[PDB]
$ cat input00.tsv   # TSV, C-alpha atoms and all ligand atoms
chain	number	residue	atom	x	y	z
A	11	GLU	CA	-28.67	-20.92	19.74
A	12	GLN	CA	-30.00	-24.33	18.71
A	13	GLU	CA	-29.93	-26.80	21.59
A	14	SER	CA	-27.93	-29.15	19.39
A	15	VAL	CA	-25.13	-26.55	19.27
A	16	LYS	CA	-25.36	-25.82	23.00
A	17	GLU	CA	-25.15	-29.55	23.79
A	18	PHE	CA	-22.20	-30.01	21.42
A	19	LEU	CA	-20.27	-27.20	23.13
A	20	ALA	CA	-21.20	-28.51	26.59
A	21	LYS	CA	-19.74	-31.95	25.73
A	22	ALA	CA	-16.69	-30.31	24.14
A	23	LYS	CA	-16.05	-28.41	27.38
A	24	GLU	CA	-16.51	-31.53	29.55
A	25	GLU	CA	-13.99	-33.46	27.45
A	26	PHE	CA	-11.50	-30.58	27.44
A	27	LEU	CA	-11.71	-30.13	31.20
A	28	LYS	CA	-11.03	-33.81	31.93
A	29	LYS	CA	-7.76	-33.69	29.95
A	30	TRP	CA	-6.94	-30.19	31.21
A	31	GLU	CA	-7.12	-31.31	34.83
A	32	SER	CA	-5.06	-34.48	34.22
A	33	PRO	CA	-2.55	-33.76	31.42
A	34	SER	CA	-0.73	-36.50	29.60
A	35	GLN	CA	3.06	-36.50	29.95
A	36	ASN	CA	6.09	-38.37	28.70
A	37	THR	CA	4.41	-40.37	25.94
A	38	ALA	CA	7.45	-40.97	23.64
A	39	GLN	CA	11.21	-40.32	23.49
A	40	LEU	CA	13.59	-38.88	20.91
A	41	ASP	CA	15.25	-42.11	19.76
A	42	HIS	CA	11.85	-43.50	18.72
A	43	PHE	CA	12.08	-41.16	15.68
A	44	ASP	CA	14.34	-40.52	12.68
A	45	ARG	CA	14.94	-36.88	11.80
A	46	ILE	CA	14.13	-36.02	8.15
A	47	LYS	CA	14.14	-32.23	7.56
A	48	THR	CA	13.87	-28.86	9.30
A	49	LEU	CA	10.52	-27.31	8.32
A	50	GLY	CA	10.90	-24.02	10.27
A	51	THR	CA	13.13	-22.38	12.84
A	52	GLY	CA	12.86	-19.49	15.35
A	53	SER	CA	14.48	-17.81	18.38
A	54	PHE	CA	13.80	-20.65	20.88
A	55	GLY	CA	12.58	-23.61	18.82
A	56	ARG	CA	12.19	-25.32	15.45
A	57	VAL	CA	9.83	-27.75	13.76
A	58	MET	CA	11.24	-30.90	12.16
A	59	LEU	CA	9.68	-33.59	9.99
A	60	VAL	CA	10.35	-36.92	11.71
A	61	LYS	CA	9.42	-40.55	11.06
A	62	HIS	CA	8.48	-42.96	13.83
A	63	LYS	CA	10.86	-45.89	13.51
A	64	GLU	CA	8.42	-48.67	14.39
A	65	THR	CA	5.22	-47.52	12.68
A	66	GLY	CA	6.70	-45.54	9.79
A	67	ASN	CA	4.29	-42.68	10.46
A	68	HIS	CA	5.40	-39.09	9.77
A	69	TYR	CA	5.03	-36.28	12.32
A	70	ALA	CA	5.98	-32.62	12.79
A	71	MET	CA	8.10	-32.40	15.94
A	72	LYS	CA	8.32	-29.00	17.61
A	73	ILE	CA	11.57	-28.79	19.61
A	74	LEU	CA	12.04	-26.03	22.19
A	75	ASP	CA	15.40	-25.35	23.89
A	76	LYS	CA	14.59	-25.01	27.63
A	77	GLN	CA	17.39	-22.52	28.29
A	78	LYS	CA	16.25	-20.28	25.43
A	79	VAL	CA	12.62	-20.53	26.57
A	80	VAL	CA	13.69	-19.26	29.99
A	81	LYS	CA	15.86	-16.46	28.56
A	82	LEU	CA	13.04	-15.20	26.27
A	83	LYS	CA	10.47	-15.31	29.11
A	84	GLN	CA	8.34	-18.00	27.47
A	85	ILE	CA	8.07	-20.56	30.34
A	86	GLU	CA	4.38	-20.06	31.06
A	87	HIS	CA	3.54	-19.77	27.37
A	88	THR	CA	5.25	-23.08	26.54
A	89	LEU	CA	3.49	-24.81	29.44
A	90	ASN	CA	0.17	-23.32	28.20
A	91	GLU	CA	0.88	-24.55	24.65
A	92	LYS	CA	1.39	-28.18	25.61
A	93	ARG	CA	-1.35	-28.33	28.26
A	94	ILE	CA	-3.93	-26.88	25.88
A	95	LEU	CA	-2.85	-28.92	22.85
A	96	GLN	CA	-3.10	-32.20	24.72
A	97	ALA	CA	-6.63	-31.30	25.87
A	98	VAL	CA	-8.35	-29.97	22.70
A	99	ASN	CA	-10.11	-31.84	19.91
A	100	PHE	CA	-11.65	-30.11	16.87
A	101	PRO	CA	-11.56	-30.83	13.10
A	102	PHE	CA	-9.46	-27.76	12.25
A	103	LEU	CA	-6.85	-28.03	15.07
A	104	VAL	CA	-3.61	-29.95	14.47
A	105	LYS	CA	-3.49	-33.01	16.77
A	106	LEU	CA	-0.75	-33.45	19.36
A	107	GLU	CA	0.27	-37.13	19.22
A	108	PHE	CA	3.11	-37.32	21.78
A	109	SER	CA	5.00	-35.04	24.13
A	110	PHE	CA	8.15	-35.48	26.21
A	111	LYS	CA	11.24	-33.68	27.51
A	112	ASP	CA	14.91	-34.46	28.07
A	113	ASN	CA	17.87	-32.76	29.67
A	114	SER	CA	17.85	-29.91	27.10
A	115	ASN	CA	14.59	-29.71	25.16
A	116	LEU	CA	10.79	-29.89	25.21
A	117	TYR	CA	9.15	-31.87	22.40
A	118	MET	CA	5.62	-31.69	20.96
A	119	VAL	CA	5.04	-34.31	18.26
A	120	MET	CA	2.09	-33.30	16.08
A	121	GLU	CA	0.43	-34.67	12.99
A	122	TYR	CA	2.32	-33.67	9.83
A	123	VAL	CA	0.20	-31.59	7.41
A	124	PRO	CA	2.05	-31.81	4.04
A	125	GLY	CA	0.22	-29.10	2.11
A	126	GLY	CA	2.20	-26.30	3.74
A	127	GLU	CA	1.26	-22.93	5.18
A	128	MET	CA	-1.65	-20.89	3.88
A	129	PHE	CA	0.89	-18.07	3.70
A	130	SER	CA	2.83	-19.82	0.88
A	131	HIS	CA	-0.30	-20.46	-1.20
A	132	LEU	CA	-1.64	-16.91	-0.69
A	133	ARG	CA	1.65	-15.36	-1.79
A	134	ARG	CA	1.92	-17.73	-4.75
A	135	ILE	CA	-1.64	-17.03	-6.05
A	136	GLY	CA	-1.60	-13.32	-5.04
A	137	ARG	CA	-5.05	-13.17	-3.42
A	138	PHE	CA	-7.91	-15.56	-2.81
A	139	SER	CA	-11.34	-14.99	-4.37
A	140	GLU	CA	-14.06	-14.19	-1.82
A	141	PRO	CA	-15.51	-17.76	-1.93
A	142	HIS	CA	-12.01	-19.17	-1.28
A	143	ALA	CA	-11.33	-16.71	1.57
A	144	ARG	CA	-14.80	-17.43	2.99
A	145	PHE	CA	-14.22	-21.21	3.02
A	146	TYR	CA	-11.10	-20.71	5.21
A	147	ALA	CA	-12.70	-17.95	7.30
A	148	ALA	CA	-15.67	-20.20	8.15
A	149	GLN	CA	-13.28	-22.81	9.57
A	150	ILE	CA	-11.60	-20.14	11.73
A	151	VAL	CA	-14.99	-18.87	12.98
A	152	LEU	CA	-15.98	-22.39	14.05
A	153	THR	CA	-12.53	-23.00	15.62
A	154	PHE	CA	-12.75	-19.76	17.65
A	155	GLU	CA	-16.34	-20.58	18.71
A	156	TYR	CA	-14.96	-23.89	20.05
A	157	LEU	CA	-11.83	-22.41	21.68
A	158	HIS	CA	-13.66	-19.43	23.24
A	159	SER	CA	-16.33	-21.74	24.69
A	160	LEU	CA	-13.49	-23.50	26.57
A	161	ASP	CA	-12.31	-20.07	27.83
A	162	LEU	CA	-9.26	-20.26	25.57
A	163	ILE	CA	-7.86	-17.26	23.68
A	164	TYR	CA	-5.71	-18.17	20.68
A	165	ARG	CA	-3.71	-14.91	20.17
A	166	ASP	CA	-1.61	-15.92	17.17
A	167	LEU	CA	-3.88	-15.95	14.12
A	168	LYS	CA	-1.89	-15.27	10.92
A	169	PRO	CA	-1.44	-17.07	7.57
A	170	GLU	CA	1.79	-18.82	8.62
A	171	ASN	CA	-0.04	-20.64	11.40
A	172	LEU	CA	-2.74	-22.14	9.19
A	173	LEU	CA	-1.67	-25.28	7.34
A	174	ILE	CA	-3.56	-26.78	4.41
A	175	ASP	CA	-4.27	-30.52	4.64
A	176	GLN	CA	-4.72	-33.24	2.01
A	177	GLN	CA	-8.42	-32.34	1.64
A	178	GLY	CA	-7.74	-28.60	1.32
A	179	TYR	CA	-8.99	-27.82	4.84
A	180	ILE	CA	-7.24	-25.76	7.49
A	181	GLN	CA	-5.29	-27.13	10.42
A	182	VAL	CA	-4.39	-24.43	12.97
A	183	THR	CA	-0.92	-24.86	14.42
A	184	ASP	CA	1.15	-23.05	17.01
A	185	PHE	CA	-0.48	-22.72	20.42
A	186	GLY	CA	2.55	-20.83	21.78
A	187	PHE	CA	0.43	-17.82	22.80
A	188	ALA	CA	-2.83	-19.65	23.56
A	189	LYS	CA	-4.09	-19.28	27.14
A	190	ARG	CA	-6.99	-20.25	29.36
A	191	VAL	CA	-8.47	-16.91	30.45
A	192	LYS	CA	-11.67	-16.22	32.36
A	193	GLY	CA	-11.90	-12.49	31.97
A	194	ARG	CA	-8.93	-10.39	30.97
A	195	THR	CA	-5.27	-11.03	30.28
A	196	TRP	CA	-2.38	-8.63	29.82
A	197	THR	CA	0.62	-10.09	27.95
A	198	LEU	CA	2.03	-8.32	24.92
A	199	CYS	CA	2.27	-11.03	22.31
A	200	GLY	CA	1.39	-11.73	18.69
A	201	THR	CA	2.60	-10.53	15.34
A	202	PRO	CA	2.43	-6.72	14.73
A	203	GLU	CA	0.10	-6.65	11.72
A	204	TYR	CA	-2.46	-8.81	13.58
A	205	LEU	CA	-2.53	-7.06	16.99
A	206	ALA	CA	-5.78	-5.53	18.20
A	207	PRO	CA	-5.62	-1.92	19.44
A	208	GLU	CA	-6.20	-2.89	23.06
A	209	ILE	CA	-3.05	-5.08	22.99
A	210	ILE	CA	-0.99	-2.22	21.53
A	211	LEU	CA	-2.36	0.14	24.20
A	212	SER	CA	-1.35	-2.22	27.04
A	213	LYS	CA	-4.89	-2.76	28.29
A	214	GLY	CA	-6.45	-5.77	29.94
A	215	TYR	CA	-7.92	-7.57	26.96
A	216	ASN	CA	-10.15	-10.55	26.21
A	217	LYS	CA	-11.25	-12.94	23.47
A	218	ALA	CA	-12.29	-9.97	21.29
A	219	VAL	CA	-8.67	-9.78	20.14
A	220	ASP	CA	-9.17	-13.05	18.23
A	221	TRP	CA	-12.12	-11.56	16.30
A	222	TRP	CA	-10.03	-8.49	15.43
A	223	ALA	CA	-7.31	-10.80	14.11
A	224	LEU	CA	-9.93	-12.67	12.03
A	225	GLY	CA	-10.79	-9.33	10.40
A	226	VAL	CA	-7.10	-8.84	9.53
A	227	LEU	CA	-6.84	-12.40	8.18
A	228	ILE	CA	-9.95	-12.09	5.98
A	229	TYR	CA	-8.71	-8.74	4.65
A	230	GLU	CA	-5.26	-10.18	3.84
A	231	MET	CA	-6.71	-13.32	2.19
A	232	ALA	CA	-9.01	-11.26	-0.06
A	233	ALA	CA	-6.63	-8.37	-0.82
A	234	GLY	CA	-3.27	-10.17	-0.78
A	235	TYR	CA	-1.80	-7.79	1.84
A	236	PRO	CA	-2.86	-6.86	5.39
A	237	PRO	CA	-4.89	-3.73	6.18
A	238	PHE	CA	-2.39	-1.93	8.42
A	239	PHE	CA	0.81	-2.56	6.48
A	240	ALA	CA	3.90	-0.41	7.05
A	241	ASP	CA	7.69	-0.73	7.12
A	242	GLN	CA	8.29	-0.70	10.93
A	243	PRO	CA	6.08	-1.88	13.84
A	244	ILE	CA	5.62	1.59	15.40
A	245	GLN	CA	4.09	2.75	12.09
A	246	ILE	CA	1.89	-0.36	11.94
A	247	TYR	CA	0.69	0.35	15.46
A	248	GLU	CA	-0.23	3.96	14.62
A	249	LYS	CA	-2.34	2.67	11.72
A	250	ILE	CA	-4.06	0.03	13.87
A	251	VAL	CA	-5.09	2.43	16.63
A	252	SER	CA	-6.40	4.95	14.14
A	253	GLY	CA	-8.26	2.00	12.64
A	254	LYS	CA	-8.59	3.95	9.39
A	255	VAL	CA	-8.86	1.12	6.87
A	256	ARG	CA	-8.93	1.41	3.07
A	257	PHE	CA	-10.68	-1.33	1.16
A	258	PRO	CA	-9.86	-2.36	-2.41
A	259	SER	CA	-12.65	-1.55	-4.82
A	260	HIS	CA	-12.90	-5.21	-5.78
A	261	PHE	CA	-14.16	-6.10	-2.28
A	262	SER	CA	-17.90	-6.81	-2.17
A	263	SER	CA	-20.08	-4.47	-0.10
A	264	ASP	CA	-20.85	-7.39	2.24
A	265	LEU	CA	-17.13	-8.03	2.78
A	266	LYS	CA	-16.47	-4.36	3.59
A	267	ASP	CA	-19.38	-4.36	6.05
A	268	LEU	CA	-18.17	-7.48	7.87
A	269	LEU	CA	-14.62	-6.13	8.03
A	270	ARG	CA	-15.68	-2.73	9.47
A	271	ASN	CA	-17.41	-4.68	12.28
A	272	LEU	CA	-14.45	-7.05	12.95
A	273	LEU	CA	-11.85	-4.24	12.66
A	274	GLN	CA	-13.78	-2.11	15.13
A	275	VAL	CA	-11.30	-0.31	17.38
A	276	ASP	CA	-13.79	-0.11	20.26
A	277	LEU	CA	-13.78	-3.67	21.58
A	278	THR	CA	-17.21	-3.19	23.15
A	279	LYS	CA	-18.70	-2.71	19.63
A	280	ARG	CA	-16.69	-5.43	17.83
A	281	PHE	CA	-18.44	-8.38	16.17
A	282	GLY	CA	-17.87	-11.54	18.14
A	283	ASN	CA	-17.94	-9.52	21.37
A	284	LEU	CA	-21.58	-8.33	21.40
A	285	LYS	CA	-24.56	-9.89	23.21
A	286	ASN	CA	-25.09	-12.36	20.35
A	287	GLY	CA	-21.44	-13.43	20.30
A	288	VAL	CA	-20.33	-15.48	17.34
A	289	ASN	CA	-23.80	-15.49	15.79
A	290	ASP	CA	-23.42	-11.86	14.63
A	291	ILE	CA	-20.58	-13.20	12.47
A	292	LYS	CA	-22.19	-16.48	11.36
A	293	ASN	CA	-25.45	-14.65	10.37
A	294	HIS	CA	-23.73	-11.82	8.51
A	295	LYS	CA	-24.61	-11.47	4.80
A	296	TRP	CA	-21.02	-12.23	3.76
A	297	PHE	CA	-21.53	-15.74	5.14
A	298	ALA	CA	-25.02	-16.28	3.66
A	299	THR	CA	-23.79	-19.06	1.33
A	300	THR	CA	-21.93	-20.91	4.12
A	301	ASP	CA	-23.34	-24.25	5.31
A	302	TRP	CA	-21.83	-24.25	8.81
A	303	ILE	CA	-22.65	-27.91	9.48
A	304	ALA	CA	-21.23	-29.05	6.12
A	305	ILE	CA	-17.96	-27.17	6.85
A	306	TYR	CA	-17.72	-28.76	10.32
A	307	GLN	CA	-18.37	-32.22	8.83
A	308	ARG	CA	-15.79	-31.54	6.06
A	309	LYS	CA	-18.37	-32.25	3.37
A	310	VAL	CA	-17.71	-29.12	1.26
A	311	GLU	CA	-15.33	-29.51	-1.67
A	312	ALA	CA	-12.31	-27.33	-1.01
A	313	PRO	CA	-11.27	-24.57	-3.44
A	314	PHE	CA	-7.77	-25.87	-3.70
A	315	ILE	CA	-5.98	-29.17	-2.99
A	316	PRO	CA	-2.24	-28.73	-2.38
A	317	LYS	CA	0.13	-30.58	-4.72
A	318	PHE	CA	2.25	-33.16	-2.89
A	319	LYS	CA	3.39	-36.71	-3.51
A	320	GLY	CA	2.67	-38.41	-0.19
A	321	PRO	CA	2.80	-38.10	3.59
A	322	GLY	CA	6.56	-37.61	3.65
A	323	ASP	CA	6.72	-34.95	0.91
A	324	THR	CA	8.28	-31.67	2.14
A	325	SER	CA	8.03	-29.78	-1.18
A	326	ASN	CA	5.49	-27.28	0.21
A	327	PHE	CA	7.90	-26.19	2.96
A	328	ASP	CA	11.15	-24.33	2.53
A	329	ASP	CA	14.83	-24.96	3.15
A	330	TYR	CA	16.70	-24.21	6.37
A	331	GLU	CA	20.21	-24.92	7.57
A	332	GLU	CA	20.14	-28.34	9.27
A	333	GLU	CA	21.36	-28.04	12.91
A	334	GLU	CA	22.03	-30.72	15.55
A	335	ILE	CA	19.43	-31.81	18.15
A	336	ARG	CA	21.86	-31.79	21.04
A	337	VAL	CA	20.91	-33.27	24.42
A	338	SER	CA	23.13	-32.20	27.38
A	339	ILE	CA	24.50	-34.85	29.69
A	340	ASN	CA	23.19	-32.64	32.56
A	341	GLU	CA	19.54	-31.67	33.18
A	342	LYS	CA	18.73	-28.00	32.46
A	343	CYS	CA	15.85	-25.98	33.92
A	344	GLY	CA	14.22	-29.02	35.48
A	345	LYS	CA	12.24	-27.05	38.08
A	346	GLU	CA	10.76	-24.62	35.57
A	347	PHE	CA	9.39	-27.42	33.38
A	348	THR	CA	8.33	-29.98	36.03
A	349	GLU	CA	4.73	-30.07	34.81
A	350	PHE	CA	5.59	-30.53	31.10
A	401	LIG	CL1	-17.94	-24.63	16.98
A	401	LIG	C1	-19.34	-25.58	16.85
A	401	LIG	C2	-20.51	-25.28	17.43
A	401	LIG	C3	-21.44	-26.21	17.19
A	401	LIG	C4	-21.03	-27.23	16.44
A	401	LIG	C5	-21.80	-28.37	16.02
A	401	LIG	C6	-23.12	-28.56	16.18
A	401	LIG	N1	-23.45	-29.83	15.63
A	401	LIG	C7	-22.23	-30.38	15.14
A	401	LIG	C8	-22.04	-31.71	14.50
A	401	LIG	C9	-22.85	-31.91	13.19
A	401	LIG	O1	-22.90	-33.31	12.90
A	401	LIG	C10	-21.76	-34.06	13.37
A	401	LIG	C11	-21.57	-33.97	14.90
A	401	LIG	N2	-22.30	-32.82	15.45
A	401	LIG	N3	-21.21	-29.46	15.39
A	401	LIG	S1	-19.35	-27.06	15.98
A	402	LIG	CL1	3.38	-29.46	9.69
A	402	LIG	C1	3.25	-28.74	11.26
A	402	LIG	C2	2.62	-29.14	12.40
A	402	LIG	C3	2.80	-28.25	13.43
A	402	LIG	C4	3.52	-27.12	13.17
A	402	LIG	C5	3.90	-25.93	13.99
A	402	LIG	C6	3.70	-25.72	15.33
A	402	LIG	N1	4.21	-24.44	15.69
A	402	LIG	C7	4.73	-23.87	14.50
A	402	LIG	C8	5.32	-22.48	14.57
A	402	LIG	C9	4.72	-21.52	13.51
A	402	LIG	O1	4.97	-20.15	13.82
A	402	LIG	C10	6.22	-19.83	14.51
A	402	LIG	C11	7.11	-20.96	15.12
A	402	LIG	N2	6.79	-22.35	14.74
A	402	LIG	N3	4.53	-24.78	13.45
A	402	LIG	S1	4.01	-27.23	11.50
$ encode --input "input00.tsv" --output "structure tokens"
Amino acid sequence: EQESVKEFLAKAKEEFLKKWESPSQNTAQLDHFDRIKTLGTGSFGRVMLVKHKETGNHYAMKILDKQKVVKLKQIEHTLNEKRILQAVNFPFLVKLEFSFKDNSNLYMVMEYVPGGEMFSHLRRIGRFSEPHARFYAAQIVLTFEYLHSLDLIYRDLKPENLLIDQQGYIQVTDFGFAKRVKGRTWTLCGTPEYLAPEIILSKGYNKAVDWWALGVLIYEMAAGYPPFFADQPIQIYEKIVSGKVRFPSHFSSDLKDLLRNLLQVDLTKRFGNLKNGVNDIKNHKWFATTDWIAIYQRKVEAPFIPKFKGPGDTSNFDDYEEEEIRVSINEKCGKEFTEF
């Protein structure tokens, strides 16, 4: 690669390691914020729009219930999420601004990205044109080049985890499955449609699973539906491990070629995992019109700017029942979360 790229990644790794070895902790508390709206909710956590009472700034606060994290066997994953988020820095990664814990919950206070999930915009428009898909895909390629160089595997690429910012660029959220891995790792995690075959087959797997998931994402952005779709996970998994993929006739020949190499069942033949690494992807004909430096510098005009009224607008997110943020008078699971 160009020495300028090698030196950039060397500095990125130095800066990551300094924060990784000495993580920040306990940098705000709950009563510094007003709660505004629930933006999403799941089996152990939720994300809420909040406003900082002294500065007036808006943030997305991810709240995890310690007891539910323990019950669902997510302790190590939640510790990974916060330790990685406080150590990374890249244009297309959502920034963690504060973190803290109390008797009941863990809190990660992130920048608020008001344009909403890519998923909403994709389903609204139906499918993205190839140039539009390629603009987003280029940002993911650069983000994975960065993360992988730090020995991080992301493991949760899907349209719901990619938010669109005020300039139309991506911000990757949700580091709940991200992990620092030199070599292989073994956990079954991720969403069914996006799982690589070696995850489904319970193998020791590596960063190649992120490049498989990029193939699924590009397919879904350009078609409007994912390549291995079926009604139940076991049926999805059978399709994935066969790897038989059908492409819409409107796909360009270059797009089909790139996707056959990303959706390669044999991980030892998959683009992103060969001797030339990410450069087999960046140099592929489907990306011939991409100016990688201009994307990194955010100098390319985006295909689409989300419609919103200001930094507190929640119109691009949906409506959930509003539940209390209860804090027990007694400390729960203190040992398990000591390092958070
Ligand atoms: Cl992943 C990435 C790999 C290499 C990257 C890179 C190389 N050079 C730059 C920028 C361009 O000008 C502003 C600062 N340096 N990024 S990103
Ligand atoms: Cl604005 C936002 C900033 C950060 C957000 C965030 C972090 N983690 C999640 C996930 C998405 O997938 C499943 C569970 N909650 N959103 S949204």
$ residues_near_ligand --input "input00.tsv" --ligand "ligand LIG 401 (chain A)" --cutoff "10 Å" --atoms "all atoms listed in the file" --output "short mmCIF file (atom, residue, chain, number, x, y, z; two decimals) with C-alpha atoms, in the coordinates of the input"
data_model
loop_
_atom_site.label_atom_id
_atom_site.label_comp_id
_atom_site.auth_asym_id
_atom_site.auth_seq_id
_atom_site.Cartn_x
_atom_site.Cartn_y
_atom_site.Cartn_z
CA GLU A 11 -28.67 -20.92 19.74
CA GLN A 12 -30.00 -24.33 18.71
CA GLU A 13 -29.93 -26.80 21.59
CA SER A 14 -27.93 -29.15 19.39
CA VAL A 15 -25.13 -26.55 19.27
CA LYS A 16 -25.36 -25.82 23.00
CA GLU A 17 -25.15 -29.55 23.79
CA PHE A 18 -22.20 -30.01 21.42
CA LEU A 19 -20.27 -27.20 23.13
CA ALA A 20 -21.20 -28.51 26.59
CA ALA A 22 -16.69 -30.31 24.14
CA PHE A 100 -11.65 -30.11 16.87
CA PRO A 101 -11.56 -30.83 13.10
CA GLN A 149 -13.28 -22.81 9.57
CA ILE A 150 -11.60 -20.14 11.73
CA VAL A 151 -14.99 -18.87 12.98
CA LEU A 152 -15.98 -22.39 14.05
CA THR A 153 -12.53 -23.00 15.62
CA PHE A 154 -12.75 -19.76 17.65
CA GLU A 155 -16.34 -20.58 18.71
CA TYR A 156 -14.96 -23.89 20.05
CA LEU A 157 -11.83 -22.41 21.68
CA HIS A 158 -13.66 -19.43 23.24
CA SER A 159 -16.33 -21.74 24.69
CA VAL A 288 -20.33 -15.48 17.34
CA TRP A 302 -21.83 -24.25 8.81
CA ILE A 303 -22.65 -27.91 9.48
CA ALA A 304 -21.23 -29.05 6.12
CA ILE A 305 -17.96 -27.17 6.85
CA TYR A 306 -17.72 -28.76 10.32
CA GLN A 307 -18.37 -32.22 8.83
CA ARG A 308 -15.79 -31.54 6.06
#
$ closest_atom_pairs --input "input00.tsv" --of "chain A" --to "ligand LIG 402 (chain A)" --cutoff "8 Å" --atoms "all atoms listed in the file" --output "JSON lines"
{"residue": "A:49", "atom": "CA", "partner": "A:LIG402", "partner_atom": "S1", "distance": 7.2}
{"residue": "A:50", "atom": "CA", "partner": "A:LIG402", "partner_atom": "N2", "distance": 6.3}
{"residue": "A:51", "atom": "CA", "partner": "A:LIG402", "partner_atom": "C11", "distance": 6.6}
{"residue": "A:52", "atom": "CA", "partner": "A:LIG402", "partner_atom": "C11", "distance": 5.9}
{"residue": "A:55", "atom": "CA", "partner": "A:LIG402", "partner_atom": "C11", "distance": 7.1}
{"residue": "A:56", "atom": "CA", "partner": "A:LIG402", "partner_atom": "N2", "distance": 6.2}
{"residue": "A:57", "atom": "CA", "partner": "A:LIG402", "partner_atom": "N3", "distance": 6.1}
{"residue": "A:59", "atom": "CA", "partner": "A:LIG402", "partner_atom": "CL1", "distance": 7.5}
{"residue": "A:69", "atom": "CA", "partner": "A:LIG402", "partner_atom": "CL1", "distance": 7.5}
{"residue": "A:70", "atom": "CA", "partner": "A:LIG402", "partner_atom": "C2", "distance": 4.9}
{"residue": "A:71", "atom": "CA", "partner": "A:LIG402", "partner_atom": "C3", "distance": 7.2}
{"residue": "A:72", "atom": "CA", "partner": "A:LIG402", "partner_atom": "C6", "distance": 6.1}
{"residue": "A:104", "atom": "CA", "partner": "A:LIG402", "partner_atom": "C2", "distance": 6.6}
{"residue": "A:120", "atom": "CA", "partner": "A:LIG402", "partner_atom": "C2", "distance": 5.6}
{"residue": "A:121", "atom": "CA", "partner": "A:LIG402", "partner_atom": "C2", "distance": 6.0}
{"residue": "A:122", "atom": "CA", "partner": "A:LIG402", "partner_atom": "CL1", "distance": 4.3}
{"residue": "A:123", "atom": "CA", "partner": "A:LIG402", "partner_atom": "CL1", "distance": 4.5}
{"residue": "A:124", "atom": "CA", "partner": "A:LIG402", "partner_atom": "CL1", "distance": 6.3}
{"residue": "A:126", "atom": "CA", "partner": "A:LIG402", "partner_atom": "CL1", "distance": 6.8}
{"residue": "A:170", "atom": "CA", "partner": "A:LIG402", "partner_atom": "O1", "distance": 6.2}
{"residue": "A:171", "atom": "CA", "partner": "A:LIG402", "partner_atom": "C9", "distance": 5.3}
{"residue": "A:173", "atom": "CA", "partner": "A:LIG402", "partner_atom": "CL1", "distance": 7.0}
{"residue": "A:183", "atom": "CA", "partner": "A:LIG402", "partner_atom": "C6", "distance": 4.8}
{"residue": "A:184", "atom": "CA", "partner": "A:LIG402", "partner_atom": "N1", "distance": 3.6}
{"residue": "A:185", "atom": "CA", "partner": "A:LIG402", "partner_atom": "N1", "distance": 6.9}
{"residue": "A:186", "atom": "CA", "partner": "A:LIG402", "partner_atom": "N1", "distance": 7.3}
$ residues_around --input "input00.tsv" --residues "residue A:290" --least-positions-apart "6" --cutoff "12 Å" --atoms "only C-alpha atoms" --output "list in words"
residues 11, 151, 155, 221, 268, 271, 272, 279, 280, 281, 282, 283, 284, 296, 297 and 298 of chain A
$ write_last_selection --input "input00.tsv" --atoms "C-alpha atoms" --output "CSV table (one decimal), keeping the file's coordinate frame"
chain,number,residue,atom,x,y,z
A,11,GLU,CA,-28.7,-20.9,19.7
A,151,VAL,CA,-15.0,-18.9,13.0
A,155,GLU,CA,-16.3,-20.6,18.7
A,221,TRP,CA,-12.1,-11.6,16.3
A,268,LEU,CA,-18.2,-7.5,7.9
A,271,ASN,CA,-17.4,-4.7,12.3
A,272,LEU,CA,-14.4,-7.0,13.0
A,279,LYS,CA,-18.7,-2.7,19.6
A,280,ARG,CA,-16.7,-5.4,17.8
A,281,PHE,CA,-18.4,-8.4,16.2
A,282,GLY,CA,-17.9,-11.5,18.1
A,283,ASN,CA,-17.9,-9.5,21.4
A,284,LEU,CA,-21.6,-8.3,21.4
A,296,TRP,CA,-21.0,-12.2,3.8
A,297,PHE,CA,-21.5,-15.7,5.1
A,298,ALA,CA,-25.0,-16.3,3.7
$ residues_around --input "input00.tsv" --residues "residue A:91" --least-positions-apart "3" --cutoff "12 Å" --atoms "only C-alpha atoms" --output "VMD selection string"
chain A and resid 30 33 72 74 84 to 88 94 to 98 106 109 116 to 118 162 to 166 183 to 190 350
$ residues_near_point --input "input00.tsv" --point "(18.9, -31.9, 23.0)" --cutoff "7 Å" --atoms "only C-alpha atoms" --output "list in words"
residues 112, 113, 114, 115, 335, 336, 337 and 338 of chain A
$ write_last_selection --input "input00.tsv" --atoms "C-alpha atoms" --output "PDB file, keeping the file's coordinate frame"
ATOM      1  CA  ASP A 112      14.910 -34.460  28.070  1.00  0.00           C
ATOM      2  CA  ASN A 113      17.870 -32.760  29.670  1.00  0.00           C
ATOM      3  CA  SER A 114      17.850 -29.910  27.100  1.00  0.00           C
ATOM      4  CA  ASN A 115      14.590 -29.710  25.160  1.00  0.00           C
ATOM      5  CA  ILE A 335      19.430 -31.810  18.150  1.00  0.00           C
ATOM      6  CA  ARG A 336      21.860 -31.790  21.040  1.00  0.00           C
ATOM      7  CA  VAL A 337      20.910 -33.270  24.420  1.00  0.00           C
ATOM      8  CA  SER A 338      23.130 -32.200  27.380  1.00  0.00           C
TER       9      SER A 338
END
$ atom_distance --input "input00.tsv" --atom1 "atom CA of residue A:208" --atom2 "atom CA of residue A:250"
9.9 Å
$ residues_near_point --input "input00.tsv" --point "(-0.5, -5.5, 13.7)" --cutoff "9 Å" --atoms "all atoms listed in the file" --output "PyMOL selection string"
chain A and resi 200-207+210+223+226+236-239+243+246-247+249-250
$ atom_distance --input "input00.tsv" --atom1 "atom CA of residue A:291" --atom2 "atom CA of residue A:224"
10.7 Å
$ closest_residue --input "input00.tsv" --among "A:323, A:140, A:107, A:248" --to "residue A:36" --atoms "all atoms listed in the file"
A:107
